[PDB]
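Next up: a single chain in structure tokens, the form deposited in one PDB entry.
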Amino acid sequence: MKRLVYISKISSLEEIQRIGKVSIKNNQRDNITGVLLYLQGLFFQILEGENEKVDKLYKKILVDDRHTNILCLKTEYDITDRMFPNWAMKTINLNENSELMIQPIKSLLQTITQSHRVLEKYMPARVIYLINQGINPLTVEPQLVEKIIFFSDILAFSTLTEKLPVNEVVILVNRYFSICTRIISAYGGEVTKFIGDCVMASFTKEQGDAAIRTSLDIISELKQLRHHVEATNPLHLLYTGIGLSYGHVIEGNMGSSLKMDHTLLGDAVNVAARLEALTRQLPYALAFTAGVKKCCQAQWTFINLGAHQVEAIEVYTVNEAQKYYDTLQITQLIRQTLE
């Protein structure tokens, strides 16, 4: 038996009662007990029952359109007892509870949960996934894994920061991060960090083609954006270069009780970064290693760009990543445009 807890965000009061009625019916049939609280636009649900049976329900609740931003906070895998043996699904509306002695607990709960939701927006997606799976991020051991590492950043970003107002730079950076995160995630990748204007992400060794396609789609969407906007919009000057590496990296949660983070340790991270920087002096906006190339099964036109020093290593690209522009001219054009 196992018991899990999740919180969610509500997307009218009668419909909630309908939910509760359905749950009472469905859960008694499956020996599932639990509770549904709601307060100030948030849902709280505890569910317990047979391991297989709770999972089917949770999948239904996940795809349910009535709530969004679902996060499973805790899972307990071999519970000796149930917490609510008699409740198929007790609905408790903490909004219309006016009892004074419950008001401090209720107020603290709302404050702490809202604060928790704010913090969730800064978490690495890999930690959120771990928590959703019932794994303690603080105790899980890091592992060596084979990964494709993705690095991209904004062309001539120092020139742009030098010549643009604060809000313009932030709007531009936010648009860039938005387009990178959306495309990376669409292809199954995971964004690791933003470092300045750099986007760091990782794909699995089975996602070589997806990484190439992510890189091409980001470049392609930037080119569209550049001719979507007027020439007074800074977005008209947004270009990117992309580096990809493949290797062994130690993935996990690192640090101390004072400060934690999710990190990838290994040479491939630095190689991807150097390759991304190398695209400035290349006729292509995407550079990757032989290891990345070997993870690809599609019929790309790989182009060998010789050995370069980051030891020297072979550097490849695909034909479709070729620049329709000259890079040095572009940075000068950016400089002159901002005069």
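Here the rigid core means the biggest group of C-alpha atoms that line up within 1.5 Å when the two forms are laid on top of each other. So that there is no doubt, residue numbering starts at 1 and follows the sequence shown.
In the record comparison, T327 is modelled in each of the other entries of this protein that model the residues flanking it, with no third of them omitting it.
Omission of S12 is seen in a third or more of the other entries compared for this protein where the adjacent residues are built. Coordinates are given for every deposited residue between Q322 and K323; the gap count there is zero. According to the entry, the stretch of the deposited sequence that connects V310 to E311 contains 4 to 9 residues lacking coordinates, which leaves a gap of moderate length in the model. Comparing 215-223 with 77-85, the stretch with the higher mean C-alpha B-factor in the PDB entry is 77-85. In this entry, the higher average B-factor at the C-alpha atoms falls on 61-69, of the pair 61-69 and 273-281. The entry lists C-alpha B-factors for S98, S257, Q114, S158, and the highest of these is at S98. Per the PDB record, residue ranking by Cα B-factor puts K90 in the highest third of the chain. The deposited CA B-factor of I128 belongs to the middle third of values across its chain. Per the deposited record, the Cα B-factor of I32 falls in the highest third when ranked against the other modelled residues of its chain. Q45: CA B factor lies in the middle third for its chain, per the PDB record. In this PDB entry, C295 carries a Cα temperature factor that places it within the middle third of its chain's modelled residues.
Unshown form deposited in another entry; subsequent notes refer to it.
After superposition on the rigid core, the single residue among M83, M254, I135, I195 whose C-alpha moves by 2 Å or more between the shown form and the other one is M254. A298: CA moves 2 Å or more between the shown form and the other one after rigid-core fitting.
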